Amino acid sequence: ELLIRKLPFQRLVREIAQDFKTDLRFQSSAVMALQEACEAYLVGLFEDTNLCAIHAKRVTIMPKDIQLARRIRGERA
Amino acid sequence: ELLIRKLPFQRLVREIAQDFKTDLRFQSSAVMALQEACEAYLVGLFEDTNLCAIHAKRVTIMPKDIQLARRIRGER
Amino acid sequence: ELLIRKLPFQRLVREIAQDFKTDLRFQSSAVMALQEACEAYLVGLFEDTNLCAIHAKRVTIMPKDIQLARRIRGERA
Amino acid sequence: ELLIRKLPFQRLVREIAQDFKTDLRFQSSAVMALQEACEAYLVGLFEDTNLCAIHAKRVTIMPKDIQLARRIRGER
Amino acid sequence: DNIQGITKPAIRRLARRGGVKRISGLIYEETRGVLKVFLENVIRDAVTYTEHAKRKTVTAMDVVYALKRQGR
Amino acid sequence: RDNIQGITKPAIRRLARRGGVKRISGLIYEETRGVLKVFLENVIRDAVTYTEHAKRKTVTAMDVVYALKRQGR
Amino acid sequence: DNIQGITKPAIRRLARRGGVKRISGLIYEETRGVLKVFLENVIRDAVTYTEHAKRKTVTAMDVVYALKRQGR
Amino acid sequence: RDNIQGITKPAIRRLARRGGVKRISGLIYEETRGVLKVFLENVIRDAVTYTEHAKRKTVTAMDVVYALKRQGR
DNA sequence: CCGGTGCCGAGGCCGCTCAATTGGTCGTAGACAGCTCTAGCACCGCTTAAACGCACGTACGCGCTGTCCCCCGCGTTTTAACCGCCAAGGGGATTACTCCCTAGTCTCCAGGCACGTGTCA
DNA sequence: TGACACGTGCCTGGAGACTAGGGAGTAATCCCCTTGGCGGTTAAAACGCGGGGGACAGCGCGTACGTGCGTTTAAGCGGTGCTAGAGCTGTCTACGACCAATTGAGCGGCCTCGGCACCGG
């Protein structure tokens, strides 16, 4: 299932697109495809953040956990 | 300069190769290339382990730090 | 006696290769080698799929059968 | 942690070895290595059997499930 | 507030699926920034492909190909 | 028509018959195509890599055998 | 004989670690047969390496080499 | 001594110093050696594969670059 | 030279789901000191580094033969796709039949650990 | 030649086998709706004959590019001992931010109508 709501996600995708290209069209199956990928990416990122929290013998994830996880993965920020 | 000793590193490389295929001889520039890659990889791994150590309010890296760094990149 | 049609399989192989490297030529015996391997792979996968169908007392194979076979073999699924 | 007791595991390993070769012995760290591998293998095999059980209209794993799992893996 | 449509309980639910037991209040702003970067990058490539093919229509396959090549 | 569609429905059925399958659900065909594509992509990616290492422009039969080995036959 | 030394509760414990919810009574005898085969194969290779090196003491590395070629 | 022992403790320390760490636990050294071995095994396995494809008996610099690329990602 | 189709854009109405309030409180931030431990100094031994030397294993480059890939006319050609009737079955609910998982009890024992001893790296 | 694993003793709670017992979870059974299988068929994309080129792999050979042996050695570097300095943790006290129960309020969703491009037959 899609844990993120469909309609606000679609609006965001269209919002981001307006800055790259004016009035560009989309497809319905394209947004659903992007969302499955997006949710998998965020869930995976949350997995790594949790690993960082556990490494510090804590159970609460903090901003520093997200930043550590993305830096070691090689994600530029 | 390469931080790993050249001759022992070369000996190790030849030992591992002998099990995959016997009697192979390595080109010199091939071993130096392999060594540069290895040292770059280890240095990068040491950067990430240190970030994990500092994250945990420590300054000394430990085996659990190395294992975390390799796990989040997707090595193991 | 290959079970997949020769010409469409060859066409598919060339299409995928163009995205890895453009302007490549395929040897005939290379495509025949690749096709023998592919058909053996699919037949073998269908053998395991059939075993999964019989396991569930269903004479008809279904997508869940293919997905189970590939997961137990160790293929990314 | 090891899930099978050392001494019964050791007896089985020694029993099988006695049939393969006369009077061969094993190092302590060798048996612990074999046991970690063995426990990982059984856990993995139990994962696949359970997956096979769930595929069928049941949640209880049966002898026929393991044999199907091992057949599709290419073992037996 | 279209960025605000990714609500706090939704992000918490995503984290639960990721195995998270406790969630700091500061996570939400941080996650939103991370999400925005991801979307920008993928869409930037997706639109590039559309323009290269002279089609002007984003296809589902274009996004899937963009996503695949992003992970590499 | 699309080139993935050349792996026709009767061809996939024949492969399943050779695999011992007697009846085939309608959803198998799309599933089989996806599986095939993933397999092909992986093999060809390695195959083309071998071709480039040999500084050739024609992928050889030998290229495929090494590609297949590193995939696992 | 030796397979009967391995306890019924241990195999149940293994299934819990494998994420198994319930266990049929007939699994245990079946599991024992499967286990014996695995060990034989691994040990057969291990002893082969020992004999190739003309040694009489099985080393930890011997098992690891046997294990690698079995898993591969 | 064993050839794995030739990556000496001061060598591993130097690699760690370049990695920005100030202090190194005693257990790091054995851990680092294991990690290196796994990496090396994988690369060399691919490297030797390339050598056989080219019908050569000498692993060349070009063999390593292809091995590294497929393991680099 | 016009067309069926996918699209936004909105609406009508139900409809689950938010932010905010308030409270209970689990977990996280300094930290003092016991504890490990390790970074560094100082020898001392030693194994890397190197330069010939010589011997040659063979990789790279280049040219020649082949041969097989690409192309396509284009001819013929076994057949894939579609419609439709027919019959096998997936399955959901029904219901009989458990043995599988718990507790209690009695028994077997895994391992520290210690001592004595044969054997090969 | 000395260190390692083999063999046995003491024991005690941890762990392992029956013996009742409730029951969630197996296994036949019917009807139905779905839904592939199979029969017709015809246009068609695949199979193929063959000229035609010709780009390009496969093969042979010269040679120099370089790997292996190995041999000494002066020398920078690793190993080991020891030390004094710094860092890894528990339980101290506390707090505040993170958890949840409750209530308007609003946006998510189902179903549908009206208008605009748009690649296209």
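Residues numbered from 1 in each chain as written, not as in the entry; some residues may be left out. Chains lettered and ligands numbered in written order. Heavy atoms only, no water.

As annotated in the PDB entry, chain F carries the name Histone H4 and comes from Homo sapiens. What the PDB record gives as the title of this entry is "Cryo-EM structure of human subnucleosome (open form)". Recorded in UniProt for chain F, the comment headed Sequence similarities runs: "Belongs to the histone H4 family." (UniProt positions renumbered as here; feature names shortened; annotations may be inferred.)

Where the PDB entry is consulted, chain B appears under the name Histone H3.1, with the organism given as Homo sapiens. Its UniProt record gives chain B a comment under Sequence similarities, which states: "Belongs to the histone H3 family."

Taken together, the contact pairs 39 residues of chain B with 39 residues of chain H. Contact between chain B and chain H buries roughly 3,900 Å² in total, counting both sides, with carbon and sulfur atoms accounting for 76%. Three residues stand out in chain B for area buried against chain H, namely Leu 3, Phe 20 and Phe 46 of chain B, and they jointly supply 17% of the buried area on that side. Counting across the interface, chain B meets chain H through zero salt bridges. Linking chain B with chain H are nine residue pairs in polar contact, by the criterion used here. When contributions to the side of chain B that touches chain H are tallied by element, the ones reaching two or more residues are α1 (6-20), β1 (25-26), α2 (28-55), β2 (60-61) and α3 (63-73) of chain B. Here the side of chain B that touches chain H gets 13 residues from one element, more than from any other, and that element is α2 of chain B. Looking at side-chain class alone, the side of chain B that touches chain H contains 25 nonpolar, five polar and nine charged residues. Bridge count between β2 of chain B and strand β1 (residues 23-24) of chain H: two bridges; the pairing is parallel. (Contact = heavy atoms within 4.5 Å. Buried area = accessible area lost by both parts, 1.4 Å probe. Salt bridge = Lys/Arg side-chain N within 4 Å of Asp/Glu carboxyl O. Polar contact = N/O pair within 3.5 Å; in protein donor to acceptor, adjacent residues only side chain to side chain. Helix = DSSP H or I, 4+ residues; strand = E, 2+ residues; numbered from the N terminus. Nonpolar A, V, L, I, M, F, W, Y, C, P; charged D, E, K, R; others polar. Pairing = 2+ DSSP bridges.)

Attention now goes to the arrangement of the chains. One finds no contact between chain B and chain E; the C-alpha atoms of the two approach each other to within 12 Å at their closest. These two, chain E and chain F, are apart from each other, with no contact and a minimum C-alpha gap of 12 Å.

The subject of this paragraph is the interface of chain E and chain A. At the interface, 40 residues of chain E touch 39 residues of chain A. Between chain E and chain A, the buried area comes to about 3,800 Å², and carbon and sulfur atoms account for 76% of it. Connecting chain E to chain A are zero salt bridges. Where chain E meets chain A, there are four residue pairs in polar contact.

In the vicinity of DNA strand I lie 56 residues, with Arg 5 and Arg 14 of chain A, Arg 5 and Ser 28 of chain C together with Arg 56 of chain H positioned nearest. At 2.3 Å, a side-chain N or O of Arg 5 of chain C approaches a phosphate oxygen of DNA strand I. By residue class, the composition of the surface near DNA strand I is 14 nonpolar, 15 polar and 27 charged. (Near = heavy atom within 4 Å.)

Here the focus is the layout of surface pockets. Computed from the structure, the second largest pocket encloses a volume of approximately 190 Å³. What lines the second largest pocket is simply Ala 33, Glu 36, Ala 37 and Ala 40 of chain D together with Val 64 and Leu 67 of chain G. For the lining of the second largest pocket, the secondary structure elements donating two or more residues are α2 (28-55) of chain D together with α3 (60-71) of chain G. Looking at side-chain class alone, the lining of the second largest pocket contains five nonpolar, no polar and one charged residues. (1 Å grid on protein atoms, 1.4 Å probe; cavity = no way out; pocket = protein on both sides within 12 Å on 5 of 7 lines; lining within 4 Å. Points joined across faces, edges and corners; volume = space filled by probe spheres on them.)

Next up on the list: the protein's contact with DNA strand J. Of all residues adjacent to DNA strand J, which total 57 residues, the nearest are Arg 14 and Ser 28 of chain B, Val 59 of chain D, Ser 24 of chain E together with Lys 57 of chain F. For DNA strand J, the fraction of protein-proximal atoms (within 4 Å) that sit in sugar or phosphate groups is 100%. Residue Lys 6 of chain C places a main-chain N or O atom 3.2 Å away from a phosphate oxygen belonging to DNA strand J. Note that a sugar or linking oxygen of DNA strand J is positioned 3.2 Å from one of the side-chain N or O atoms of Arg 22 of chain E. Its residues assigned to classes, the surface near DNA strand J shows 15 nonpolar, 13 polar and 29 charged.

This part is about the packing of helix α2 (residues 28-55) of chain C against helix α2 (residues 28-53) of chain F. It is at 11 Å that the axes of α2 of chain C and α2 of chain F come closest, and there the two elements cross at 135°. Relative to α2 of chain F, the element α2 of chain C lies oblique. Once α2 of chain C is placed against α2 of chain F, the crossing between them reads as right-handed. Across from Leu 34, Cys 38, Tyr 41, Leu 42, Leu 45 and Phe 46 of chain C in α2 of chain C, the residues of α2 of chain F making contact are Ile 28, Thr 32, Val 35, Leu 36, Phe 39, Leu 40 and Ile 44 of chain F. Tallied by class, residues from the contact of α2 of chain C with α2 of chain F come to 12 nonpolar, one polar and no charged. (Axes fitted to C-alpha atoms, helices over the stretch in contact; angles between N-to-C directions. Parallel < 35°, antiparallel > 145°, perpendicular 65-115°, else oblique. Left-handed = near helix turned anticlockwise from the far one by under 90°.)

This part covers unusual backbone geometry. Residues and elements named next belong to chain A. One non-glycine residue, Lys 57, adopts positive backbone phi at about 55°. Turning to its location among the elements, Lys 57 is positioned in the loop between α2 (28-55) and β1 (60-61). For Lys 57, a relative accessible area of 80% puts it in the exposed group. (Buried < 20%, exposed > 50% of the residue type's maximum accessible area, 1.4 Å probe, protein only.)

Once that is clear, we can look at the packing of aromatic side chains. Taken as a whole and assessed by the stated rule, the structure comprises nine aromatic pairs over all chains. Taken together, a centroid distance of 4.1 Å and an interplanar angle of 10° make the contact between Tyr 41 of chain A and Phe 38 of chain E stacked. Of this pair, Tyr 41 of chain A sits in helix α2 while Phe 38 of chain E sits in helix α2 (residues 27-52), on two different chains. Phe 38 of chain E matches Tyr 41 of chain A in its accessibility class, with the two residues each being buried. Their ring planes at 55° and their centres at 6.5 Å tell us that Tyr 49 of chain G and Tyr 65 of chain G sit as a pair that is tilted. One end of the pair, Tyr 49 of chain G, is in helix α2 (residues 27-52); the other, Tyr 65 of chain G, is in helix α3, with 16 residues separating them in the sequence. The structure contains a cluster of three or more aromatic residues connected by ring pairs, namely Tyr 50 and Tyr 66 of chain F together with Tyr 50 and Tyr 66 of chain H. Lying across the ring of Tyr 66 of chain F, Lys 69 of chain F places its NZ or CZ 5.9 Å from the centre. (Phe/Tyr/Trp six-rings, centres within 6.5 Å; stacked < 30°, edge-to-face > 60°. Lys NZ or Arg CZ within 6 Å of the ring centre and 35° of its normal.)

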